[PDB]
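The block underneath contains the structure these notes are about, expressed in structure tokens.
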Amino acid sequence: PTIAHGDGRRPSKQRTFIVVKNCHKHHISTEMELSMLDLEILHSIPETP
Amino acid sequence: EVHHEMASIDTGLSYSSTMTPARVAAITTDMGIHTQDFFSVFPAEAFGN
């Protein structure tokens, strides 16, 4: 922005400058250990109580 | 160019503001031992020899 100076009468519009900045990217990886027989139970939905 | 005019008048019959020095930010002069040189301010003087 700019301050309106009336004393010097040196009028100036806003000085819009442009810089550029890098976007860092990060990549985290964990593993989930699901057992086999529990997934076999989870696939075959039963009806018996 | 937008010209803005306004007019001020102190309604207080006495002073109504105060300007107290509160904090030294920095001391600009080095506060050192630097004597000014009289052979620089008076370079047109000398002795008889």
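Chain identifiers are assigned as A, B, and so on, following the order in which chains appear in the structure tokens; residues are numbered from 1 within each chain, and ligands are numbered from 1 in order of appearance.
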
Quick one: which residues from chain A are at most 12 Å off chain B, using only C-alpha atoms, as a CSV table (one decimal) with N, CA, C and O atoms, in the first residue's frame?
chain,number,residue,atom,x,y,z
A,4,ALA,N,-0.7,8.6,1.5
A,4,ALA,CA,-1.0,9.8,0.7
A,4,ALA,C,-0.2,11.0,1.3
A,4,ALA,O,-0.7,11.5,2.3
A,5,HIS,N,0.9,11.3,0.8
A,5,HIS,CA,1.7,12.4,1.2
A,5,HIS,C,1.2,13.7,0.5
A,5,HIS,O,1.3,13.7,-0.8
A,6,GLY,N,0.7,14.7,1.2
A,6,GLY,CA,0.4,15.9,0.5
A,6,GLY,C,1.5,16.9,0.6
A,6,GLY,O,1.5,17.9,-0.1
A,7,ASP,N,2.4,16.7,1.5
A,7,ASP,CA,3.5,17.8,1.8
A,7,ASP,C,4.5,17.9,0.6
A,7,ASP,O,4.8,19.0,0.2
A,9,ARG,N,4.1,16.4,-2.4
A,9,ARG,CA,3.3,16.2,-3.6
A,9,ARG,C,4.1,15.4,-4.6
A,9,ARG,O,4.4,15.8,-5.8
A,10,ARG,N,4.5,14.2,-4.2
A,10,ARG,CA,5.2,13.2,-5.0
A,10,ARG,C,4.4,12.0,-5.2
A,10,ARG,O,4.7,10.9,-4.6
A,11,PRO,N,3.3,12.1,-6.0
A,11,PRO,CA,2.3,11.0,-5.9
A,11,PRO,C,2.7,9.7,-6.6
A,11,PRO,O,3.4,9.8,-7.6
A,12,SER,N,2.4,8.6,-6.0
A,12,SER,CA,2.9,7.3,-6.4
A,12,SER,C,1.8,6.3,-6.2
A,12,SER,O,1.2,6.2,-5.2
A,13,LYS,N,1.5,5.5,-7.3
A,13,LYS,CA,0.6,4.4,-7.2
A,13,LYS,C,1.3,3.2,-6.5
A,13,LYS,O,2.5,3.3,-6.2

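Our summary of the geometry notes that atom CA of residue A:2 is positioned 24.6 Å from atom CA of residue A:21.
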
(message) Residues of chain A classed as helix (DSSP H, G or I) by DSSP on the backbone are to be reported as a PyMOL selection string.
(response) chain A and resi 36-43
